[PDB]
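Note that our numbering has the sequence shown beginning at 80, numbered continuously upward.
For reference, the structure discussed in these notes is given below.
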Amino acid sequence: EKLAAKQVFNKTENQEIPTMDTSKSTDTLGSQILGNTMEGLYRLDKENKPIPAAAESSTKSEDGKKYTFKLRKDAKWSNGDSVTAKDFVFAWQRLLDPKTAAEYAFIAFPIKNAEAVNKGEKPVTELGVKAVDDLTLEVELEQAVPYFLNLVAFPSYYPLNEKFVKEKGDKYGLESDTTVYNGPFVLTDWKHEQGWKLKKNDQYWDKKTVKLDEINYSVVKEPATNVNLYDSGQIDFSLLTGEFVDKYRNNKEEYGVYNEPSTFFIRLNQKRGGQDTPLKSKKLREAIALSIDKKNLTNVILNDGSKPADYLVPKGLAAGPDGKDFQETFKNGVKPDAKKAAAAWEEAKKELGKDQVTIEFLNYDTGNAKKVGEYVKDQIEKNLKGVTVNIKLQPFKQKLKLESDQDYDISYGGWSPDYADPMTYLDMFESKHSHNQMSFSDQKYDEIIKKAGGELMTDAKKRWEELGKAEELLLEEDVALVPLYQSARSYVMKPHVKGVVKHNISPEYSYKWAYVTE
Ligand SMILES: [Zn+2]
Numbered sequence: 080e081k082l083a084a085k086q087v088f089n090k091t092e093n094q095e096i097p098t099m100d101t102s103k104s105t106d107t108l109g110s111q112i113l114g115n116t117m118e119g120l121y122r123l124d125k126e127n128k129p130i131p132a133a134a135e136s137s138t139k140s141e142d143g144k145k146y147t148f149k150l151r152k153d154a155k156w157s158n159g160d161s162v163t164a165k166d167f168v169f170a171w172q173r174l175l176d177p178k179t180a181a182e183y184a185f186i187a188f189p190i191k192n193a194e195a196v197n198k199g200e201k202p203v204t205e206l207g208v209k210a211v212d213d214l215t216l217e218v219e220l221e222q223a224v225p226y227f228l229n230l231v232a233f234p235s236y237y238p239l240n241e242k243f244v245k246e247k248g249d250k251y252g253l254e255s256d257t258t259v260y261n262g263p264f265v266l267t268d269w270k271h272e273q274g275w276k277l278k279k280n281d282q283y284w285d286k287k288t289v290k291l292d293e294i295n296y297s298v299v300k301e302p303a304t305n306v307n308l309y310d311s312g313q314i315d316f317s318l319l320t321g322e323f324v325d326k327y328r329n330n331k332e333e334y335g336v337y338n339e340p341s342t343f344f345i346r347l348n349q350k351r352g353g354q355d356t357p358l359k360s361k362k363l364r365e366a367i368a369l370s371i372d373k374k375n376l377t378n379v380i381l382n383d384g385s386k387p388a389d390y391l392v393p394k395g396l397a398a399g400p401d402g403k404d405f406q407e408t409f410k411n412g413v414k415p416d417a418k419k420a421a422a423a424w425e426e427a428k429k430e431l432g433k434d435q436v437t438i439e440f441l442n443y444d445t446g447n448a449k450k451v452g453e454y455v456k457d458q459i460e461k462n463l464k465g466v467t468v469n470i471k472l473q474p475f476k477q478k479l480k481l482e483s484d485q486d487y488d489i490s491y492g493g494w495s496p497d498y499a500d501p502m503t504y505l506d507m508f509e510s511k512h513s514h515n516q517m518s519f520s521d522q523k524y525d526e527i528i529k530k531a532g533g534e535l536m537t538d539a540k541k542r543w544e545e546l547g548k549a550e551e552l553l554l555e556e557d558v559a560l561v562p563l564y565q566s567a568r569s570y571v572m573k574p575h576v577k578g579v580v581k582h583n584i585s586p587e588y589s590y591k592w593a594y595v596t597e
């Protein structure tokens, strides 16, 4: 295993990075690039376990509500500034400051006074996080969270250089030269919708461990172009979907499958801007959930190890107090049936006072997402005779803004867990939660969801049954959204590229331990 001369890793992504502002990032792509150009207090190691990163150690109080983090004196930002505990004070106050309008403010609510800060009841200075020293960060929690060292390894908890963010203002995080880096790599040559480079950060304290000199990224939206780039040696890595999986499936040196605790689904928006949509109809939402044969979607279109899913909480995310997987236990979801779909759609005509309906289907502009869109559109139109579904392709940045603004009717999207617990899928759909984005509201659901939260440390077992009935109320009774599949990424990786880590929680990839052999 001899090191090569060129420590260069070439890949593609099929979207432009939405933003490099840590406080406003909502998505797995920004998380990937931030998770390689920043460093939180902790990071996930090669087997997804939280280890000291920007902190060199941490202590946990008797009652589990106070944390003390000890930082590295030699840690520096890419502009030469020392990484201080005040960078953690600033970043966390900025994520929660109402004026920031951060859609991920909620992931910091475990911090003391965080939700009061985000509501605007107390000033940001009351946030349960203090810089006693340049190298000592103490953090007070509302209550004990056993996976808190995991949460500080999540990108929304990454630090920020206040002086740099204040100087760049509203340009902060939109450009590679308007972002500053405390991670293993720096972001350079960020050509919007084209590509960007990760270069080894010479100002990083653990630069001795980083072997890659650069990771090159191109935006490529067509799987056929990705297979050509890989075969010609232009790139070292490619996801595989559809017919393109068949060619590589048998190659034990290069082919892998990433089995992701992650699900894709159709969002049903009940209120577009401030006007009701046909999706207010419980019978229409039921009819859309019954009309999609998911077996043909995953076995022919995806073709990559993805499993059909009637459930939202993915299999292998978390296990209960008896060690049984959450999704194997409850097996929640509506089972598709074309005939039940028709009969529920007949009922839906009376609820709405219409026999013909036009719903806009919001979709990614990538090659395999088009085929998924056309399949679902053909399934709904075929089984709900009189429904017109108009597909709208959008790039990811623009698609995420339409969703957060609720300027859509139905949307195809996916959720990657923020933590190894079903609440990361379920909490989204409580009334007025940041990521509902479909004006779905059920008082029955909100009560059960928030009961499960204080209960984890007290009555963990009752909580497990509570969340199972809550997903049941959400999928089968209310039919708030339509799950499609549990994701599994097919890929090829060149044999000479070693040590690349796939994670269950974002950042999805770490490259700091990756190296190239000959
Ligand atoms: Zn290579």
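In this text, a Cβ means the ideal position worked out from N, Cα and C, and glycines have one as well.
**Report entry** Cβ neighbours of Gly-547 in the same chain (closer than 8 angstroms, five flanking residues each side left out)
**Finding:** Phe-405, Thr-408, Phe-409, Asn-411
Checklist entry - If you pair each beta-carbon of the region 549-565 with each one of the region 574-583, do three or more pairs fall below 8 angstroms? => result no
query = According to the neighbour-count rule (16 or more other Cβ atoms, all chains shown, within 10 Å of its Cβ), is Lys-456 buried or exposed?
reply = buried
Pick helix, strand or coil for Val-203, following the three-state DSSP scheme. helix
Would a C-beta distance cut-off of 7 angstroms place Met-117 and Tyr-237 closer than the cut-off?
yes
- Nearest-angstrom Cα separation, counted from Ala-223 out to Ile-345: 34 angstroms
How many Å lie between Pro-177 and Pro-501 at the Cα? 27 angstroms
According to DSSP, is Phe-169 part of a helix, a strand, or is it coil?
helix
- Roughly how far, in whole angstroms, is the beta-carbon of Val-87 from the beta-carbon of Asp-292, given that I think they are within contact range, below 8 angstroms? 6 angstroms
- Just tell me which of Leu-175, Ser-520, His-512 has its CA closest to the CA of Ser-102. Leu-175
Discussion item. By DSSP's criteria, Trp-494 is part of a beta bridge. Which residues make up the other side?
Written reply: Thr-342
Next on the checklist: Could you check whether the region 184-202 touches the region 246-262, counting it as contact only if at least three pairs of C-beta atoms, one from each stretch, sit closer than 8 angstroms?
Outcome noted: no
DSSP three-state label for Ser-566, please. strand
Is it the case that the Cβ atoms of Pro-302 and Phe-316 are separated by a distance below 7 angstroms? no
Unbroken alpha helix (DSSP H) run spanning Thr-503, endpoints
502-505
- By a C-beta neighbour count over all protein chains shown, 10 Å radius and 16 as the cutoff for buried, is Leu-391 buried or exposed? buried
With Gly-274 as the anchor, note down where its alpha helix (DSSP H) starts and where it stops. Run containing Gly-274: none in the alpha helix (DSSP H); it sits in the beta strand (DSSP E), 274-279.
Exercise. Could you spell out where the beta strand (DSSP E) holding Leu-266 opens and where it closes?
Key: 264-270
Through-space distance from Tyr-251 to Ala-181, alpha-carbon basis: 14 angstroms
Would you say the beta carbon of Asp-444 comes nearer than 6 angstroms to a heavy atom of ligand 1? no
Is the beta carbon of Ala-133 closer than 7 angstroms to that of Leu-123? no
Using 6 angstroms as the cut-off, classify the Cβ of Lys-90 as near or not near the heavy atoms of ligand 1, replying yes or no. no
- Query: Since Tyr-121 is in the beta strand (DSSP E), which residue starts that stretch and which ends it?
  - Reply: 121-123
Notebook entry, point to check: Thinking C-beta only, is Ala-423 closer than 7 angstroms to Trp-284?
Noted result: no
Run of the beta strand (DSSP E) containing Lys-90, from where it starts to where it stops: 87-92
Discussion item. Comparing C-alpha positions only, which one of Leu-381, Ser-255, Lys-286 sits nearest to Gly-321?
Written reply: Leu-381
What residues are listed by DSSP as bridge partners for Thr-320?
Paired residues: none, contrary to the question.
Inset, instruction - Take the Cβ of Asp-497 as the centre, count every other Cβ of all protein chains shown within 10 Å, and call the residue buried at 16 or more, exposed below. - result: buried
Exercise. Quick one: give me the first and last residue of the beta strand (DSSP E) that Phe-148 is part of.
Key: 145-150
Exercise for review: List the residues that DSSP assigns as beta-bridge partners of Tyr-337.
Suggested key: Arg-568
Q. If you draw a straight line from the alpha carbon of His-512 to that of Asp-310, how long is it in whole angstroms?
A. 45 angstroms
Closer than 6 angstroms: is that where the CB of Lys-276 sits relative to any heavy atom of ligand 1?
no
* To do: Return yes when at least one heavy atom of ligand 1 lies under 6 angstroms from the C-beta of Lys-573, else no.
  => yes
| request: Could you give the DSSP three-state label for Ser-102: helix, strand or coil? | output: coil
- Message: Given the structure, does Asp-315 come close to ligand 1, in the sense that its CB is under 6 angstroms from one of the ligand's heavy atoms?
- Response: yes
Element boundaries [alpha helix (DSSP H), containing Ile-371]
Segment: none, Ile-371 is in no alpha helix (DSSP H) and carries neither H nor E.
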